[PDB]
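A single chain comes next, written as structure tokens; it is the form deposited in one PDB entry.
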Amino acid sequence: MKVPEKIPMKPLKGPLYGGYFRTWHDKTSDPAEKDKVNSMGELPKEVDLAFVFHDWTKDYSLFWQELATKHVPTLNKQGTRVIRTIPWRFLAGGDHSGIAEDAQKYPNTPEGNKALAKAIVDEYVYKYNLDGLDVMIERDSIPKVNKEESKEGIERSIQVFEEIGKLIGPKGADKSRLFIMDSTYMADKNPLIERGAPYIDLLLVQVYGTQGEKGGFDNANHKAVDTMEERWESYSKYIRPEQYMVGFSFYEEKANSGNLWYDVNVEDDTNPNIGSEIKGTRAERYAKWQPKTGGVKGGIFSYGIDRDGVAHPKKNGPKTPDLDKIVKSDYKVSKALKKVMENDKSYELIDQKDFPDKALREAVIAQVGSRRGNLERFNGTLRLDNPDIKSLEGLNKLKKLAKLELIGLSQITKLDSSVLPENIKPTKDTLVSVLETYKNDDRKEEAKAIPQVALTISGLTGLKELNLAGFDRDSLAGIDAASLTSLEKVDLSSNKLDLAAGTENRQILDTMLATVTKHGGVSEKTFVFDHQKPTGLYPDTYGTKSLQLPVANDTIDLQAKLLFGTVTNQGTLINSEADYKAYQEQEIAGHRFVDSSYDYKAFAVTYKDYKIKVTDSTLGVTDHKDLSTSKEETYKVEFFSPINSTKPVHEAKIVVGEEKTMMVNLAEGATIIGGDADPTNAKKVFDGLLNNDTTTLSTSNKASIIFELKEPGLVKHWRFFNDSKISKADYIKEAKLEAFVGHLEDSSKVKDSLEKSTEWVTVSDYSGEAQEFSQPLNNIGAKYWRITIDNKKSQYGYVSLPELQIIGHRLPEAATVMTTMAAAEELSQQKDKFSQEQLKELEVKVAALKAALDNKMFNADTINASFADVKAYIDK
């Protein structure tokens, strides 16, 4: 075969139209299927990108001959590129994987994956001298081995995608070939976008049908999901708006259910040509659709463009077999859709009418884009640092800039609303979507507020008038006042500027004031800054983090003591009405700045929906705000804002009397060893949750758990809960806690008497009817524990246990420490010892380690000394 070399073509320019031509509908594919009447070569010049979509189970060798020798030169001559489409699979190997089926020639190794990428471009692109490669990423093309989805193959396809990107596309060795990704997936579900995005020229999203357009529907919340705007935002992380193309489908002959998109007009006997009309179709809506932010899109594309013009069978009308007949298309829908995008307001060029100043127009064109649609949508930074700019006229046409930077424009004498972006001040979005919506969501659809542009000004050494009044600006940050050596008039009134002394706002304001009073008259009209209503925020950090107070019969309000205050965005703490009136009447050069109307309740934060979590040294927790002092105890107070009850906003330790050490729950995450409780819910007793949503049921009516603390320590307390939501009648009514002393009967170690047959020691024996029970315990160092519970109902009692706590202090191998202090007085129980002249010392210690172990303060240093001291007598 004699493949012609590539003829010259102009660069692709938006708006772009794409079409997927199914190869089995080319005349030349099967000269025996005389019903196949179309030809790829007949596509019109309105088609920028013609994808070859093939049935990989056929040869069609005569078609590839016609493709390479007639159709590609014909299409290239009109500016149309011919793109080879391949399934995702082809980059992975495995089932039906094309070239990659030869795993022995292309092994899954670093060198083999580089060889496979090169073979892929050689075979699917360069063989017929095509213009690029389109990898279709969707459920129907996913890597599979023996019909099952291959996570390994997916991992491999990422490696091979990169390697192809080194050969073609914007980062490839051959930048004349496009590298395209088309996908049905949202970006977070696309396994290849994160690594592949830098390598592709274009990203195509297949959004056929009403579910592509409106999103799917979340029936639990009655809200759309995966909407067209959400899909674009998910990929906006990875590609530029002009790289994004959205796809609809024509009607494929004999389409089954699940292949019925209705993207073109439904048939009508009384207008046999309505299939070729586009007005109001989903395809026309995609031609018209534009994201609300970023920029204008790259274009749209059709699936099954050989069916261009066939009308769509009715959803629930009779069989219409005429539509399933194959006919020669005139490509009329495609030509019209292309004209719709070409003539659309968004794609009009930015020109002198938008920006008169030639040098400004060229900085906007370079950073924002060439299209007027982008003025409406671009939401990044605009840097203006060419001093040759003589007029900032036009910048008002920028609607959603994140940041404006005016740097060293020595020729700009004025700044005000006429030469500033529209969102210098608070504004809402005015674009209106062309898409259908789910009326099954009769909820919002409301014009989202646009964030205000950040304003940076420096080196405007000819700026004479700055007027920013009435804009609700939140700060002056970004104004390098010390370069505005030519200021004569400044107005900053009616904003949200905290100008109180000590703030950086004040410094910028004061430096400007220095510039203007060194100039002429500083009249009541020359430097105005009043009527500021700055925003009251929550203090990031609070004042009191610890309070020692005496044991008294007083109920203290912890929230009034520890949590109050409001803070401006510059750090001005206001705790009170009194504080705020002092603030209201602050002054600059004999003039107040805070607005006279600005009430304290207007400005001031509130703590209505805030939550408190008070925890004592024995781990008892309450959410009571008023705390009593009547009891020698040490607490941990925490406050939680309504928006988040997992991380606290402020915490503080409250000591009543002499401080006790904070104990921990040593049973947290304990391992279930044995007993008759259900193992899954037995685990949940120790995971740490007081009212587990999940079922806490241990058995039907009496249960036991043998368990093992992760890190054994010194136990001083225990606690267990019944779950509220249940009646007292179903509460645990008798409990028995036992510790395993006399370690490991018959031992066996790895072989394990699940301790089911030994002499354990009963540490507690509960008999009551309360929701929560807690009790002090006498210094046990056991690692193995058993609890038995009984709610005293019938055999079908379904006894339940949300949480059990074994509470004390972390002491590594405290059992040996206990075994000694116990054996110490039993080697004073052998008592056949003389040592009376000796042992003033042997006693001044088992009553000093004893006295240090029982001290509310837990000093790990003391006890580890005193214990190692007494076993100096293993030497008698």
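One-based numbering along the sequence shown. Just so we're on the same page, rigid core means the largest C-alpha set that superposes within 1.5 Å between forms.
This next part talks about the form deposited in another entry, which is not shown.
Once the two forms are fitted on their rigid core, between this form and the one not shown the CA displacement reaches 2 Å or more only for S727 among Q548, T109, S727, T671. Once the rigid core is overlaid between this form and the one not shown, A220 does not reach a Cα shift of 2 Å, moving by less than that. Here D55 does not count as shifted, since its C-alpha moves by less than 2 Å between this form and the one not shown after the core is aligned. Relative to the superposed core, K831 undergoes a Cα shift of 2 Å or more between this form and the one not shown. One change in the other entry concerns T57 and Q159, whose Cα atoms lie at least 3 Å farther apart than in this form. Whereas the shown form places them at one spacing, the Cα atoms of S747 and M821 lie at least 3 Å farther apart in the other entry.
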